[PDB]
There are 2 protein chains.
Amino acid sequence: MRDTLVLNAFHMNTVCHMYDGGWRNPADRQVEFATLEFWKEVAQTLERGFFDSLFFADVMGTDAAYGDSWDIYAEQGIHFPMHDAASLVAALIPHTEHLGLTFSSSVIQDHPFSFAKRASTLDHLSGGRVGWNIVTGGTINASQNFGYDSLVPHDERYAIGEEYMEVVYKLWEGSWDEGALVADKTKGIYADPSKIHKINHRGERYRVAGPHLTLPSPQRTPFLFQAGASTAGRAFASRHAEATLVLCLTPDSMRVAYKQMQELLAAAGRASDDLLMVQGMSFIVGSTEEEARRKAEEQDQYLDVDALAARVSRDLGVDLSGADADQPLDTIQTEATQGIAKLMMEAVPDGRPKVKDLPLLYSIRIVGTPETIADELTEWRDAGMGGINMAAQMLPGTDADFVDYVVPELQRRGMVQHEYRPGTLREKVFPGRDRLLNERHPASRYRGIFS
Amino acid sequence: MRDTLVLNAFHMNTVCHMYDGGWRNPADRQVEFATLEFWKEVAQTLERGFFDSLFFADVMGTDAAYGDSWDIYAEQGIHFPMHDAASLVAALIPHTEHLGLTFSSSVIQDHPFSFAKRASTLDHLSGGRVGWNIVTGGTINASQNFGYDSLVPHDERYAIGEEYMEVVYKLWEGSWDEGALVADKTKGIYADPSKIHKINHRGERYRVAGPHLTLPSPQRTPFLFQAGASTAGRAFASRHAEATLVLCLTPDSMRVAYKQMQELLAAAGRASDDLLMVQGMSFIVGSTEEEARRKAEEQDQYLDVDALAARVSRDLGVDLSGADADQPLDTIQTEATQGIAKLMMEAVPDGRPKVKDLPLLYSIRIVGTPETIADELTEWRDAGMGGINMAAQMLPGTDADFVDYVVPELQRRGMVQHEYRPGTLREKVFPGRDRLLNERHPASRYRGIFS
C-alpha cells in the first residue's frame with residue numbers, strides 16, 4: 001500500500017561511476033569523491049528532495065579487457081580508484097536524518113560473521129536506515145586479491161550466496177530471541193542468557209559457532225537489495241530481495257520482467273507486493289525541450305567512447321577497441337552487438353542504436369522538461385516500475401537538477417512523497433509494515449529456532 | 001620532539017569495557033552504547049579537553065571460561081554484546097574535527113586487502129586522523145566464528161601477524177607511487193598507469209595480486225598502536241608500533257619496560273623517540289582528597305568481583321570460579337596466574353597479590369585532587385611514559401571529570417597541550433615529522449619497489 005515511487009540514488013565511491021569520461025566535464029565535481037564534504041553535499045540534496053535511499057555500489061578489483069592494456073582504466077578512472085562503500089555510509093549517518101543509506105558488499109570480501117556484525121552496528125547507529133545490496137559475483141582481479149586462481153563458477157556462485165544468507169539470518173534473526181535485552185540495574189541482569197544462543201552453523205563453505213555479538217537492531221536484517229540480471233540472479237532476488245535493481249530497456253520490457261518476477265515470488269512463497277522492481281535511470285532536465293537537449297549535448301562531449309568501450313568490452317568479453325561513437329552497433333560483427341542492437345532499436349529516438357547509445361545498458365536516460373519526464377515515468381510505473389535507481393552523469397548536477405525540477409512535478413501528480421514517514425527504512429519503503437521482515441521471508445524462519 | 005603527554009581514551013563499543021559490573025551504577029550511562037548520540041557526547045568532551053585520540057578496542061568472540069555457565073557474561077555484559085569499532089569511528093568523523101580516531105581490528109576478522117581498502121577510505125574521510133590497533137590474538141569462540149577448530153599456536157600468531165603487515169604496507173606504500181594522481185581534465189589523465197602497480201604478494205597465508213584500489217591517503221598507513229604484552233608482542237610492537245599500549249604496575253616498573261623497549265628499537269633499526277610508551281590508567285578526581293575518596297567508594301559499590309574474575313579467565317585461559325575474593329593468585333596453579341602474581345606484587349599494598357586486586361591487570365587507578373594526580377603523573381612521565389591510555393569506570397563521568405579537572409592542571413604545568421597542532425594524527429603525535437612514516441619504519445621499505 002505505497003502509492004508513490006521509491007527514489008534510490010545509484011552512486012558508487014569513485015571518480016566516475018556512470019557515464020564514462022564524465023569526470024572531465026569542468027562543470028562536474030566527481031574528482032572530489034575521496035572527500036566527505038562532496039558526499040555530504042549529495043546526500044543532503046537527495047534528502048532535500050525526499051529520496052528514500054542513497055546507494056553505494058562497490059567492487060573489489062580492476063581488470064583489463066582481454067588482450068588490452070590496463071592503462072585506460074587508470075587514465076579515465078574507469079571504476080578505479082575505488083574506495084570502501086560501508087565507511088562512507090557510516091560517515092554519512094550524522095549528515096542525514098531520514099535518508100536510507102545502502103551499500104554493496106560481496107561474499108568474497110567479508111566473512112558473513114564479520115559482515116553481520118558490521119551491518120548490525122550500522123543499523124543501530126543509523127536508527128534503522130541501512131540497506132544492503134548483495135554481491136555474489138566479482139572480477140578475475142577481485143578473486144586474485146583474496147588468493148584464488150580463478151572465478152568461482154556460476155552454479156556455485158549462487159549456492160555460496162545462499163549459504164552466506166543462511167549464516168547472516170541465523171545471526172541477525174535466530175541468535176538473540178525477543179526479550180533478550182533486560183538492562184535492569186537494580187536486579188543486575190543486562191541480557192538474558194536463556195534467550196541468547198550459538199548458531200552452530202555447519203555447511204559446505206562456512207562453519208560459524210556464534211552467538212551473534214550485537215543487540216538486535218531496529219531492522220535486525222538490513223533492507224535487502226539485489227541486482228541479479230540472469231536466471232539464477234532473478235531467482236535469488238525473488239527469494240531474498242525487498243527491491244531488485246533492474247535494467248529494462250523500455251516500458252514493455254518492464255511489463256515482461258514484472259510479470260516474470262511475480263511467477264518467481266509465488267514459487268518462493270512470497271506475496272506479489274513483497275519485492276519492488278527498481279529501474280536504472282538518469283535524467284537531464286530543462287524548462288523547455290530545447291534547454292534539456294542543449295544540456296545533454298554539453299555533457300555528451302565528455303562521453304569518452306574508448307572508456308565506455310573498455311567498460312563494455314570487459315562486461316561482454318568482445319574487444320571493441322576502435323569503435324567510433326556515430327557507428328551503428330549492427331555494423332559491428334559479434335553475437336553480443338547484433339542482439340543488443342535488436343534490443344535497443346526501440347529505446348533510441350532514431351531506430352538505429354549506436355556505440356554512443358551503449359550507456360543504455362547501464363541506465364536509461366530521459367531528457368526533457370519536468371512534465372515530459374513525468375509523463376514518461378508514468379508509463380514505466382504503469383508497466384510495474386516500483387522505484388527509480390537514479391544514476392548521475394554529473395555530481396552534484398544530475399541529482400540537484402532532478403531534485404529541483406522533477407521531484408516537485410512528481411509530487412504534484414502524487415508520484416513522489418511529500419514528507420518522510422516515521423520508522424526504519426523498511427517501514428518507509430513498505431508503509432504499513434513492521435520493522436522486521438514479514439513471515440513469508442526466508443529470514444523469518446530463523447526466528448525462534450535455537451530456543 | 002613532543003614535550004606534552006599524549007592523551008588516548010581507551011574505550012570499547014560495549015556496555016562495560018572496564019570495571020566490570022560498572023554498568024549498574026545509576027549514575028553511569030554505558031547502557032546507551034548502541035546509540036551514536038552517547039558516543040558523540042564522549043568524543044566531543046575528549047576533544048574539548050584536547051585529547052590526541054579516542055580508541056575503540058574490539059573482540060570477535062565470547063567464551064565460557066568461568067566454568068559450566070556462560071551466563072555471567074550475558075547477565076553482567078562482560079565484553080558482550082560487542083558492536084563493531086570501525087563503524088563507530090567512521091560515524092564520529094563528522095562529530096569531531098581534530099581528535100584522532102582509533103580502533104582495533106584483528107588479523108582473523110578481515111582479509112588484509114579488504115582491511116587495507118577500509119583504513120585507506122577512513123583515512124581519506126577523516127583527514128588523516130585514523131589510527132589502527134593491530135590485534136593478532138583472540139579467543140576460542142572467535143576462531144570458531146571464522147571456521148577454525150582451535151587457536152593458532154602463539155608462535156604462528158605473530159608470523160601471520162607479520163605477513164599481514166607486509167601485505168598492507170605493499171598496498172598502502174608500494175602499489176601507487178609518488179605522482180600517481182594526475183586529475184588533469186583538459187589533458188584527460190586521471191591517474192598515471194605507469195605509477196600504479198600490482199603487488200603480487202605470495203606467502204604462507206596470503207596471495208594478493210593487487211593493486212590497491214584507493215588513492216594514496218594523507219597518512220597512507222594509518223597511525224599504528226600495538227598491545228603485545230608478551231616477548232613476541234613487545235618485539236612486534238618494536239618493529240611496527242608508533243605507540244605501544246602498555247601496562248606497568250608502577251613508575252619503577254615503567255623505567256624497566258622503557259629501557260627494555262629502547263634495546264628492542266635499536267635492534268629494529270628504529271630510533272629511541274620513534275615509539276611512545278602509552279600507560280593504562282583511570283582517574284577519580286575531586287577538589288579535596290576527601291571528595292575524591294568518596295567518589296571512589298560510591299563507584300566501587302558497583303564493582304562486581306565475580307564478573308572481573310570471569311573476564312580475567314577469558315583473557316588468560318584459566319578457570320577462576322573456585323577462587324573467592326581473597327585467595328592469593330600464586331596459590332592458583334598456572335603459569336598465567338603465577339606470572340601475574342610476580343608482576344602485581346609491588347602495586348598491591350598488602351604485598352600478597354590476590355583476586356580482589358585484579359583491576360590492576362587492566363588499568364592503574366589514581367584517585368585524588370588535580371594537584372595530586374598531576375604530581376603522580378609526573379613520576380610516571382620521568383620513568384618514560386609518553387602517553388596515557390585512559391579507561392573509564394563511568395561514562396561520561398570519568399572522561400568528563402578528567403577533562404574538567406585534571407586537563408587544566410596538566411595544561412598549567414606544561415604536561416598537556418594547550419591547542420591542537422594542525423595536520424594528520426601522525427603529525428600531531430610526532431610534531432616535527434612528515435605525514436608519512438619515517439625512513440626507519442618497515443613500511444618505508446615498500447616505497448618504489450614495484451616501479
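Just the heavy atoms: all of them, side chains too, but no hydrogens, waters or symmetry mates, feed the values below. Order of the sequence lines fixes the chain letters, A, B, ..., with proteins taken first and strands second; residue numbering starts at 1 for each chain.
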So, are [X] and [Y] salt-bridged, with charged N and O less than 4.0 Å apart?
| X | Y | result |
| --- | --- | --- |
| A:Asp110 | A:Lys117 | no |
| B:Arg311 | B:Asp63 | no |
| B:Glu162 | B:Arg239 | yes |
| B:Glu242 | B:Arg426 | yes |

Indicate whether the side chain of [X] and that of [Y] have a donor and an acceptor atom separated by less than 3.5 Å.
| X | Y | value |
| --- | --- | --- |
| B:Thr102 | B:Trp132 | no |
| A:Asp84 | B:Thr121 | no |
| B:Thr221 | B:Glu173 | yes |
| B:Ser363 | B:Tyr19 | yes |
| B:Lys170 | B:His201 | yes |
| B:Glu427 | B:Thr424 | yes |
| B:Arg365 | B:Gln393 | yes |

Say you draw a straight line from [atom1] of [X] to [atom2] of [Y]; how long is it, rounded to the nearest 0.5 Å?
| X | Y | atom1 | atom2 | result |
| --- | --- | --- | --- | --- |
| B:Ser105 | B:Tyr164 | OG | OH | 5.5 Å |
| B:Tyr169 | B:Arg445 | OH | CZ | 13.5 Å |
| B:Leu425 | B:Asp52 | CG | CG | 7.5 Å |
| B:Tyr148 | B:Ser150 | OH | OG | 11.5 Å |
| B:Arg270 | B:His240 | CZ | NE2 | 9.0 Å |
| B:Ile199 | B:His212 | CD1 | NE2 | 9.5 Å |

> Where do A:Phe113 and A:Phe115 land on the ring pair (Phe, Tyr, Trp, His ring centres under 6.0 Å) test, with the steps shown first?
Replying inline: CA-CA 5 Å; A:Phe113 184 89; A:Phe115 176 79; over 10 Å; no
> Would B:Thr244 and B:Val278 satisfy side chain to side chain contact (heavy atoms under 4.5 Å, CB included), going step by step from the backbone distance to the final call?
Replying inline: CA-CA 6 Å; B:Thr244 172; B:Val278 186; over 6 Å; no
> Do B:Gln226 and B:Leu245 pass the side chain to side chain contact (heavy atoms under 4.5 Å, CB included) test, and can you show the C-alpha distance, the side-chain angles, and the key distance before you say yes or no?
Replying inline: CA-CA 6 Å; B:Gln226 219 278 321; B:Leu245 293 63; over 6 Å; no
Nearest heavy-atom neighbours spanning [X] and [Y]:
| X | Y | answer |
| --- | --- | --- |
| B:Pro112 | B:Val167 | CG-CG1, 3.3 Å |
| B:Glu166 | B:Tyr446 | CG-OH, 3.4 Å |
| A:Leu122 | A:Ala90 | CD2-CB, 3.3 Å |
| B:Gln411 | B:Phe50 | NE2-CD1, 3.3 Å |
| A:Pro81 | A:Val15 | CD-CG1, 4.4 Å |
| B:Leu410 | B:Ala374 | CD2-CB, 3.9 Å |

> Are B:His197 and B:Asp177 close enough, and set up right, to give a side chain to side chain donor-acceptor pair (under 3.5 Å), and what steps lead you there?
Replying inline: CA-CA 8 Å; B:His197 316 299; B:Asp177 299 338; 2.7 Å; yes
> For the residue pair B:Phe55 and B:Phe103, is the inter-centroid distance of their aromatic rings smaller than 6.0 Å?
Replying inline: no
>> If you take the centroid of each ring, where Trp contributes its six-membered ring, are B:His17 and B:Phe10 closer together than 6.0 Å?
In response: yes
> Given B:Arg48 and B:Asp399, is the salt bridge (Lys or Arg N to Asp or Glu O under 4.0 Å) satisfied, shown in steps?
Replying inline: CA-CA 11 Å; B:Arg48 171 171 61 90; B:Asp399 294 22; over 6 Å; no
> Does the pair B:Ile160 and B:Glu163 meet the rule for a side chain to side chain contact (heavy atoms under 4.5 Å, CB included), with working shown?
Replying inline: CA-CA 5 Å; B:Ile160 296 168; B:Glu163 189 184 351; over 6 Å; no
Contact check, side chains of [X] and [Y], non-hydrogen atoms, under 4.5 Å:
| X | Y | answer |
| --- | --- | --- |
| B:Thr62 | B:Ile78 | no |
| B:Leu101 | B:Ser53 | no |
| B:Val406 | B:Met415 | no |
| B:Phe146 | A:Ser114 | yes |
| B:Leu275 | B:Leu265 | yes |
| B:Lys259 | B:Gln262 | no |

Donor-acceptor pair, side chain of [X] and main chain of [Y], under 3.5 angstrom:
| X | Y | result |
| --- | --- | --- |
| B:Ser444 | B:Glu439 | yes |
| B:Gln44 | B:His95 | yes |
| B:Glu41 | B:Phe38 | no |
| B:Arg440 | B:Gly269 | no |

I'd like to know whether [atom1] of [X] has more than 12 heavy-atom contacts from other residues, nucleotides or ligands below 6.0 angstrom.
| X | atom1 | result |
| --- | --- | --- |
| B:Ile140 | CD1 | no |
| B:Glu178 | CD | no |
| B:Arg207 | CZ | no |
| B:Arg413 | CZ | yes |

>> Under the criterion ring pair (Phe, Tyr, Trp, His ring centres under 6.0 Å), I'd like the reasoning laid out for A:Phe56 against A:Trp39: C-alpha separation, chi angles, the key distance, then a yes or no.
In response: CA-CA 11 Å; A:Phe56 288 110; A:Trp39 288 113; 5.0 Å; yes
> Which residue, B:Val407, B:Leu99, B:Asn8, forms the side chain to side chain contact (heavy atoms under 4.5 Å, CB included) with B:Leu46?
Replying inline: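 Per the side chain to side chain contact (heavy atoms under 4.5 Å, CB included) rule, the option paired with B:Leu46 is B:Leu99, out of B:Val407, B:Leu99, B:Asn8.
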>> Apply ring pair (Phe, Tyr, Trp, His ring centres under 6.0 Å) to residues A:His83 and A:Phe33 and explain how you reach the verdict.
In response: CA-CA 9 Å; A:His83 301 198; A:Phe33 86 96; 4.5 Å; yes
> When you look at B:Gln260 and B:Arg234, which way does the side chain to side chain donor-acceptor pair (under 3.5 Å) test go after all the steps?
Replying inline: CA-CA 9 Å; B:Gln260 174 179 98; B:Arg234 285 184 255 96; 3.2 Å; yes
> Are B:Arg2 and B:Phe430 close enough, and set up right, to give a side chain to side chain contact (heavy atoms under 4.5 Å, CB included), and what steps lead you there?
Replying inline: CA-CA 6 Å; B:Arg2 182 137 162 168; B:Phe430 290 95; over 6 Å; no
>> Is the ring pair B:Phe223/B:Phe225 parallel, tilted or perpendicular, if the boundaries are 30 and 60 degrees?
In response: perpendicular
